[PDB]
There are 4 protein chains.
Amino acid sequence: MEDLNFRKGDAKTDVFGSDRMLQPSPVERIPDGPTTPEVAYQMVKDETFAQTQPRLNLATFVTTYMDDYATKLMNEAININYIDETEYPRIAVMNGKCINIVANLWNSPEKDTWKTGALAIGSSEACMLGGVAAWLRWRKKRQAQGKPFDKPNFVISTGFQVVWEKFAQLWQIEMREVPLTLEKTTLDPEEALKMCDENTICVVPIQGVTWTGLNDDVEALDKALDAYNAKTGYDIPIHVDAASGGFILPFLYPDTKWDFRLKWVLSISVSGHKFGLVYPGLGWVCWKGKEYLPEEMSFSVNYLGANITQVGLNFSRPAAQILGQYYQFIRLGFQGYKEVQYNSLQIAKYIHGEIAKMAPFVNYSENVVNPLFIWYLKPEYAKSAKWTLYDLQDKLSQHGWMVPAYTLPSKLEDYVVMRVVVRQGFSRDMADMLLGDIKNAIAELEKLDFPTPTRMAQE
Amino acid sequence: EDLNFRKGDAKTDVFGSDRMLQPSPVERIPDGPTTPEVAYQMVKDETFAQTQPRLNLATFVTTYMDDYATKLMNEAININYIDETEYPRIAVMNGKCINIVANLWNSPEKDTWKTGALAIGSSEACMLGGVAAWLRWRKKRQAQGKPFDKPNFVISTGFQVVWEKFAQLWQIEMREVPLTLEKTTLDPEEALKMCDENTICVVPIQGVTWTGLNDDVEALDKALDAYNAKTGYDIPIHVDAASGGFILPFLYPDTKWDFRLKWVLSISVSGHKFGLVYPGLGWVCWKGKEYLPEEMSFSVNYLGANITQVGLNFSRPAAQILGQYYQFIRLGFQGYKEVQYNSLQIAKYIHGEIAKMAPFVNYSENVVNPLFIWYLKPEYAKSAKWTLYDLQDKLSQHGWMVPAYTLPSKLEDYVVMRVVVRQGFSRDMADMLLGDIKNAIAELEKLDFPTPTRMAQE
Amino acid sequence: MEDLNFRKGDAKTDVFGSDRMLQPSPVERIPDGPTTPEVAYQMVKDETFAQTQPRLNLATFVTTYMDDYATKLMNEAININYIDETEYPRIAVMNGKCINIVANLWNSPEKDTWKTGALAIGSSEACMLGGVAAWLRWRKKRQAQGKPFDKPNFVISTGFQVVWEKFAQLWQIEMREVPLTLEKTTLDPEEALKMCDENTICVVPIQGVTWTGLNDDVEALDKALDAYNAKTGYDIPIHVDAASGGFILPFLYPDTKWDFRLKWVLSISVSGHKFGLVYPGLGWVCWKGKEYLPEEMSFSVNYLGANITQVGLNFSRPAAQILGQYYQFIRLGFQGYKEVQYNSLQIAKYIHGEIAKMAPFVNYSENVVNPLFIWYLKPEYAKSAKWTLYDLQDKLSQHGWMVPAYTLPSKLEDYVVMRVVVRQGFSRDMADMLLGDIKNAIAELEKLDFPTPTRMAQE
Amino acid sequence: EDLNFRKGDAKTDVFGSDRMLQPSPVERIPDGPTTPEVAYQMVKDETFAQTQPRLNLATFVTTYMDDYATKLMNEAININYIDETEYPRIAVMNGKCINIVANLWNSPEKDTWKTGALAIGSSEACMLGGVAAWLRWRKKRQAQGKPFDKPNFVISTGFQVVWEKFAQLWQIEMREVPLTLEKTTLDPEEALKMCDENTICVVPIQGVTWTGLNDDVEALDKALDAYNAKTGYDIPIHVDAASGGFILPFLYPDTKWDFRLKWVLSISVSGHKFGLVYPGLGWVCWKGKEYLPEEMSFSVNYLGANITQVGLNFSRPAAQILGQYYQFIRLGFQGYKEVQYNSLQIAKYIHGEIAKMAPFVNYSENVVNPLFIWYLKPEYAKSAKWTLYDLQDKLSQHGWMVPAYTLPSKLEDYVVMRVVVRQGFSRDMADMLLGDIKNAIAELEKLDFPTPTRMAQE
Ligand SMILES: *Cc1c(COP(=O)(O)O)cnc(C)c1O
Ligand SMILES: *Cc1c(COP(=O)(O)O)cnc(C)c1O
Ligand SMILES: *Cc1c(COP(=O)(O)O)cnc(C)c1O
Ligand SMILES: *Cc1c(COP(=O)(O)O)cnc(C)c1O
């Protein structure tokens with residue numbers, strides 16, 4: 001009854017009684033030959049155990065939970081390539097309907113039924129498309145004026161997210177950075193104007209600054225730019241990087257005027273996979289009207305009577321995230337989105353208030369307007385403490401959390417902060433678990449008799 | 001009696017509810033919620049009335065993976081790749097996939113961690129290759145005191161549209177080499193005629209979408225070497241191998257098209273085409289670290305692996321990395337070879353059956369990728385009442401998408417039809433398709449009057 | 001239209017837009033009222049994220065992987081109560097067949113088709129049943145001889161597992177402990193005999209000592225005990241605690257005489273859920289013959305129909321683990337068990353050898369006979385190191401592992417050691433991941449300028 | 001043709017294989033392996049020919065949970081509870097379950113973390129309560145200079161077998177108070193007659209398995225208070241509340257049976273009976289920490305919770321802890337009350353329909369747990385050809401298990417039948433049972449000769 005080939009991968013092989021599971025996974029070259037599907041499944045899957053669990057990843061802004069029905073719907077669409085719009089025209093129209101809904105969430109004045117916007121893989125592509133459109137609009141203007149157009153720049157807070165550095169590098173466009181101070185913890189419009197000139201293609205205020213959790217004041221920026229543009233004729237626009245805030249502000253702060261209600265906001269981008277409540281792979285960019293999307297970048301095709309704009313950096317891509325976005329819009333509606341974001345914001349405020357009660361800590365802001373916030377060590381506490389927030393990050397990782405510590409951008413670079421992001425699926429109960437682990441970690445770190453490596457590096 | 005039955009309570013039947021008497025939202029988010037079952041049906045039911053992916057014969061992109069790969073990728077739906085500090089095992093796995101691809105392409109780079117990058121498809125992978133070529137050229141010309149404000153690149157008129165996107169989004173001039181019956185792929189002398197001091201690269205294509213053919217990369221490399229020696233322009237190749245990058249290593253290992261060639265400095269591929277992974281995967285590799293400009297890129301060490309950080313996207317699904325690594329382990333070289341062999345053999349089979357039909361003639365007698373094109377015999381077309389556009393419509397009535405289109409410049413009088421054979425399209429399915437084609441021909445030959453497209457051709 | 005009850009838990013509620021998920025989980029009192037199944041499911045499930053993943057728990061000996069068919073089979077039996085033998089007689093017979101197979105793996109000479117043994121929830125119950133049986137055989141013996149029987153004792157290594165302390169405390173039986181030394185790293189028979197007297201009910205050698213991974217030499221103990229019993233007439237028996245080794249030795253070391261082949265081995269216990277390859281909830285105890293199981297320990301019940309006779313501490317219990325064990329016996333057979341245990345042992349040997357090459361480390365034993373082993377810091381390295389194995393445990397926890405550090409039992413209590421247990425489902429690829437994390441952790445700890453708290457506590 | 005088809009290769013059909021022409025192993029492990037599908041069928045197919053759990057009316061143990069509890073528990077199949085350092089959240093969850101149960105029983109303990117312990121069932125929980133009682137008594141008698149080598153405990157003859165196990169495995173004398181028709185539950189004055197200086201506790205039972213009744217704990221408490229005041233023996237109560245512990249708090253909150261009583265120092269319950277969790281759960285609580293001897297127990301601080309480390313088992317499934325905590329949150333007090341109300345109402349319904357049948361008379365008019373027993377009317381039994389054993393056999397022919405058995409001491413001439421109504425046994429299923437009982441009666445009344453069990457009674 002001996003099975004000659006049991007260790008070699010036949011129908012009787014046990015995965016963990018096989019020769020293949022005594023061998024390392026391939027690092028440099030494809031294996032010469034195959035294995036059983038069960039063996040290969042375990043070899044790939046087992047490597048993903050030893051890292052952060054997504055629901056305990058508190059560094060990320062990107063969705064780690066959807067309900068079972070959205071998840072089934074997206075799984076069922078795993079083999080649907082969005083870009084095959086002639087073959088899958090219902091998904092092309094569904095994409096156009098999502099774009100319409102987003103543009104109207106942002107109060108677009110565009111009268112066309114099919115709003116001018118584009119699907120993206122995240123805010124990276126959406127921001128780049130907005131920035132490229134702004135660059136081409138500026139080039140066209142300056143050429144018509146007989147002015148040089150070879151030295152473009154854009155203006156942004158030092159609180160920028162790295163995709164704006166990617167944009168600057170990949171297109172060779174100069175990024176001008178407005179520093180953060182304790183007195184100006186968000187983009188100050190007067191400071192932004194100091195960096196504007198005839199070569200500025202746009203200013204980029206951020207709704208949901210990743211470093212701080214705050215919102216740049218888009219209305220204040222719009223007012224300053226209106227006076228500046230009237231005086232110079234430079235006609236510098238705004239592109240709003242609303243990666244998180246674009247799905248927070250419409251529901252919880254409808255009266256905050258930050259979007260297409262503003263004269264100079266010509267385009268807005270968002271991460272559908274952050275607070276749009278869809279699994280990874282979704283962003284959106286909208287323009288205020290077709291006249292702000294250059295023809296040099298774009299065309300539109302009619303699918304089943306819908307006019308669908310064709311602009312993007314990617315081509316073939318999963319369609320699942322479109323179904324997921326449209327499901328969330330129908331399943332939740334405005335009320336449902338409001339209640340989910342309310343929960344996330346209330347839990348963030350709850351953690352913020354509990355952090356403030358702890359002896360080592362002080363919050364950077366009293367104002368929690370997105371479901372995330374940052375804190376640092378009280379300066380008097382930090383001076384005689386043996387530990388830093390990097391040490392607290394390490395302690396929390398021992399229980400499976402990722403809670404990141406980092407230094408703030410320019411002029412606040414002496415501030416080591418820690419950030420918590422509250423996403424859908426992070427509950428009050430999970431917040432209580434986190435806070436209990438933070439209190440326990442503090443108590444252990446306060447037993448140290450000698451300074452840690454990062455504490456010594458701060459001297 | 002349940003007062004709230006139609007309004008969406010726990011007893012509601014989806015299709016006895018008020019919501020399923022209402023249209024789906026076109027312009028604005030609905031004011032309020034519905035039950036998950038109602039929303040699930042409202043979204044899912046809209047996807048019925050379009051092509052079934054396994055019958056989509058226009059696409060090159062994977063429509064089937066086995067149950068284990070599918071389960072593995074489904075389980076990773078909530079993993080954001082870019083969180084590499086949080087998910088360092090996936091970051092390392094990404095690096096191992098890049099190593100394996102670079103070695104499939106015979107990279108001479110000695111570093112254990114090969115210079116390459118994850119992409120969402122060949123679109124991003126091609127654009128990264130082109131931007132790197134543009135920046136390498138800018139730096140060269142700046143050092144020589146030469147202008148660098150008017151870049152161009154050279155490509156066949158058989159280009160795939162991502163190169164037009166690249167041209168538009170970076171404002172780089174695309175110079176196109178036309179196709180003829182005598183030169184059905186990129187001709188090197190004609191390509192060199194379009195090269196000058198401002199050319200950043202030449203782009204041969206392995207798996208031209210319009211024709212199914214391969215540009216001769218080795219022939220281009222030979223021509224570019226003599227031209228670069230004569231001019232000093234130092235023009236490189238970037239190979240767009242969107243399909244061919246996962247065909248040639250297994251079925252044509254001795255064809256010298258990759259990093260074995262002196263001037264091939266970068267190569268891109270669609271992992272979601274013949275890399276056998278569901279939508280959302282491409283790769284770009286450089287021949288060495290010296291060809292990826294520092295201005296574009298940096299690298300971070302995760303668990304001892306050096307992972308290059310270059311890309312157009314940021315947050316993105318990680319599932320396709322697991323899927324690629326699964327295919328590499330599950331199939332190996334032999335398994336990839338056997339799957340691509342099956343796809344190519346079925347393409348050749350259909351190609352041979354098409355040639356036997358009276359209306360048809362194949363564009364090429366040689367099938368080197370699992371796809372091919374044919375057109376109507378000229379004498380048949382002249383007296384026929386129908387065109388290949390009419391055949392496309394007839395086939396769609398049975399659920400197929402088989403596209404008809406005109407070929408690019410100088411061949412634009414040729415209306416062709418294309419079949420792509422992917423994993424999961426079997427000999428049995430090929431027989432169904434061929435049977436539907438014969439029936440469709442038989443119906444179209446009964447027409448007494450020309451169709452609209454037949455009339456538009458006169 | 002707006003749903004007035006959306007936050008309160010109706011059919012439209014989103015789990016994470018509900019009032020319930022702004023509230024803590026219940027600590028003291030049952031909630032007054034219900035919630036939706038989806039809310040309750042998340043509230044309980046989400047609390048389990050922030051702890052060790054079972055497949056990365058390298059402290060446990062207990063099975064964390066079975067294949068999909070065993071898992072489905074056991075899931076399908078979740079509502080089957082084993083003890084209802086009149087209602088579920090086929091599972092009762094299946095339990096008996098498992099007992100037969102285990103007794104025959106251990107070379108029972110018992111001729112009855114139905115072997116003398118009992119189901120247990122683990123080695124805890126199995127050991128207690130073996131110990132109670134030894135105690136009752138000894139009481140009856142001493143009563144017949146007109147000798148006292150009120151002060152029983154048993155003899156065991158200080159490497160005992162805590163269930164023997166439970167046995168000592170819950171029955172008020174004296175435990176006599178034989179210390180470990182570097183010269184006698186397992187139970188020395190001569191020293192064990194020195195603790196024996198007329199009140200000793202048994203000696204307990206261990207196959208798979210939890211502290212060390214080693215096997216007590218049962219054959220040496222049997223030989224010494226035979227001479228001791230011939231001299232004293234005390235007739236002290238052996239009960240083998242084979243919690244791990246009972247499913248290793250028969251397959252990988254068939255010629256090692258440790259089981260019912262030995263004259264004085266009257267009972268043996270094992271954890272079916274350790275290297276028996278079944279999910280948690282399984283142990284077995286076998287006796288060499290019916291004459292060694294006292295009649296006082298069998299019981300009969302009639303209130304579940306017909307007549308059910310049993311031996312055990314528990315009563316109602318899941319039956320799933322019986323199905324799982326019988327599946328493994330049929331699915332793997334002798335060859336399959338041998339190949340699975342071979343993989344586990346070979347991977348343990350591989351890690352053991354790589355640990356030995358690292359500058360900080362020295363292995364406790366050169367002999368790896370169970371799929372687990374321990375190491376400690378080289379004494380010369382430890383003296384000048386700023387860190388201890390407790391710090392390495394903490395570093396590994398940051399990547400999801402549990403690799404436990406602890407002090408060895410008596411006379412070796414100055415030795416802080418670390419243990420790795422290799423179970424089915426822990427592959428060579430996972431070993432490489434662990435070893436890479438160990439090397440990285442060593443390199444970080446070697447950067448410390450000051451001693452850690454545990455390093456200071458050692459001086 | 002596949003040469004190895006019968007031998008177990010990738011093409012083998014389970015029921016076209018050599019292995020399914022062979023017997024399952026009885027004595028020895030098979031020499032070699034088989035495919036998972038064959039092994040799965042070999043084990044699964046043996047479980048068909050026995051009682052379906054939802055038709056098992058003998059058992060008190062849960063046979064139904066909802067789909068979410070079931071999924072949650074299945075997902076925890078590989079979690080070993082005892083690894084509390086590795087799984088500290090489940091350790092804390094266990095402690096919260098103990099808190100909730102202790103508070104359901106009106107514990108006066110002030111500590112946040114109540115003194116209690118997880119068990120596999122009431123067997124382990126009862127044994128822990130008895131051992132604790134035995135050790136408290138040993139310590140007192142030693143301090144008084146009195147003997148402590150001959151312990152005993154007092155219980156009704158309606159005890160469940162675990163108390164016999166406790167008696168035999170610890171060699172502790174069990175003193176039994178018999179049942180009579182005049183004293184259908186434990187009579188306290190009769191219990192006190194068997195108490196002396198060596199009695200470690202008296203064990204009243206809430207949910208007597210034989211009868212379905214509750215011993216009067218408050219009446220016992222009152223009698224013990226006077227006896228302890230007279231003797232100084234200070235004999236305590238341990239309540240075996242295996243079933244009643246999850247019935248009385250919801251349906252009879254004002255019945256004083258628990259830690260509200262002075263002498264009730266510990267209580268045990270089966271979480272897998274009317275705690276509504278699948279097999280593998282019991283709980284024991286003590287009235288305070290001072291009643292759990294240190295010799296049995298220590299406590300460890302996991303994440304700021306005080307968890308007591310006392311038990312007979314060690315490694316064990318953690319799934320049942322999640323199931324218990326899910327039920328507490330999913331149902332709450334109201335949900336438990338409504339579920340137990342349903343079970344009790346259905347038991348009362350069956351009880352009333354049984355009483356209307358000519359052959360039958362109920363043992364008690366009072367149904368306080370969701371179960372009851374009946375027997376044959378004495379005048380009917382005398383001229384009947386059949387017994388309740390014959391009715392058990394007839395009902396088994398339709399898949400039911402409804403057990404017939406003789407009652408304990410002094411009622412051992414009474415053959416009775418028991419029905420237990422658990423969650424998942426509805427009014428509709430009760431109607432099916434009652435229809436089968438009536439059909440069985442009509443068939444048995446056609447007998448012309450006595451059955452073997454009927455002859456055995458005369
Ligand atoms: C997330 C983020 C980005 C990047 O968006 P992705 O969705 O990760 O591509 C850009 N800007 C801000 C403010 C962000 O938070
Ligand atoms: C598919 C294709 C592309 C575009 O690649 P995507 O994977 O769809 O982004 C580019 N070039 C060629 C030759 C292609 O076939
Ligand atoms: C596992 C272990 C025990 C405890 O057995 P469980 O299966 O956890 O109940 C007892 N003795 C030894 C040697 C062990 O390894
Ligand atoms: C069921 C029962 C027991 C045994 O409990 P298990 O949960 O089966 O271990 C003990 N006493 C009573 C009163 C019971 O009903």
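Atoms considered below: every heavy atom in the structure, side chains included; atoms not considered: hydrogens, waters and symmetry mates. By convention in this document, chain letters (A, B, ...) are assigned in the order of the sequence lines, proteins followed by strands, and residues within each chain are numbered from 1.
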What part of [X] gets closer than 4.5 Å to chain C, counting heavy atoms only: side chain, backbone, both or neither?
| X | value |
| --- | --- |
| D:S396 | neither |
| D:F298 | neither |
| D:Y81 | neither |
| D:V131 | side chain |
| D:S24 | both |
| D:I82 | neither |
| D:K114 | side chain |
| D:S270 | neither |
| D:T62 | backbone |
| D:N56 | side chain |
| D:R330 | both |

In terms of heavy-atom pairs under 4.5 Å with chain D, which of [options] leads?
| options | value |
| --- | --- |
| C:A319, C:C127, C:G33 | C:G33 |
| C:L73, C:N314, C:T64 | C:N314 |
| C:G281, C:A50, C:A59, C:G122 | C:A50 |
| C:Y327, C:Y69, C:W171, C:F167 | C:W171 |
| C:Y337, C:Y65, C:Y326 | C:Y326 |
| C:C98, C:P318, C:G336 | C:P318 |

Rounded to the nearest 0.5 angstrom, the CZ-CG distance for C:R423 and D:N78 is 9.5 Å
State the CZ-CZ distance between C:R317 and D:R316, to the nearest 0.5 angstrom. 10.5 Å
Heavy-atom pair of closest approach, residues [X] and [Y]:
| X | Y | value |
| --- | --- | --- |
| D:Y405 | C:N302 | CB-O, 3.7 Å |
| C:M297 | D:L169 | CG-CD2, 3.8 Å |
| D:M73 | C:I78 | CB-CD1, 3.8 Å |
| D:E295 | C:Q169 | O-OE1, 2.9 Å |

Could you label the plane-to-plane angle of the C:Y303 and D:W210 rings as parallel, tilted or perpendicular, counting under 30° as parallel and over 60° as perpendicular? tilted
Does any part of the side chain of [Y], heavy atoms only, come nearer than 4.5 Å to the side chain of [X], both counted from C-beta?
| X | Y | value |
| --- | --- | --- |
| C:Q161 | D:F314 | yes |
| D:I29 | C:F251 | yes |
| C:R90 | D:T47 | no |
| D:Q171 | C:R139 | yes |
| D:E75 | C:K45 | yes |
| C:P54 | D:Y87 | yes |
| C:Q335 | D:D31 | no |
| C:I330 | D:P25 | yes |

If you tally heavy-atom pairs under 4.5 Å against chain C, which of [options] wins?
| options | result |
| --- | --- |
| D:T112, D:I79, D:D66 | D:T112 |
| D:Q52, D:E124, D:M127 | D:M127 |
| D:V310, D:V402, D:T34 | D:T34 |
| D:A404, D:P88, D:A69 | D:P88 |
| D:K273, D:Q327, D:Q50 | D:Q50 |
| D:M93, D:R418, D:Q392, D:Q320 | D:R418 |

Do D:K96 and C:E47 sit within salt-bridge range, that is, some charged N less than 4.0 Å from a carboxylate O? yes
Can you tell which part of [X] gets under 4.5 Å to a heavy atom of chain D, answering side chain, backbone, both or neither?
| X | answer |
| --- | --- |
| C:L136 | side chain |
| C:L332 | backbone |
| C:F49 | neither |
| C:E339 | neither |
| C:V102 | neither |
| C:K166 | side chain |
| C:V27 | both |

Donor-acceptor contact present, side-chain C:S124 to main-chain D:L312, <3.5 Å: yes
Donor-acceptor pair, distance only, cut-off 3.5 Å: does the side chain of C:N100 make one with the backbone of D:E27? no
Are side-chain N/O atoms of D:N80 and C:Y279 paired as donor and acceptor at under 3.5 Å? no
Determine whether more than 12 heavy atoms belonging to other residues, nucleotides or ligands lie under 6.0 Å from atom CZ of D:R28. no
Pair C:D84-D:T59, side chain to side chain donor-acceptor pair (under 3.5 Å): steps then yes or no: CA-CA 7 Å; C:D84 297 340; D:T59 186; 3.0 Å; yes
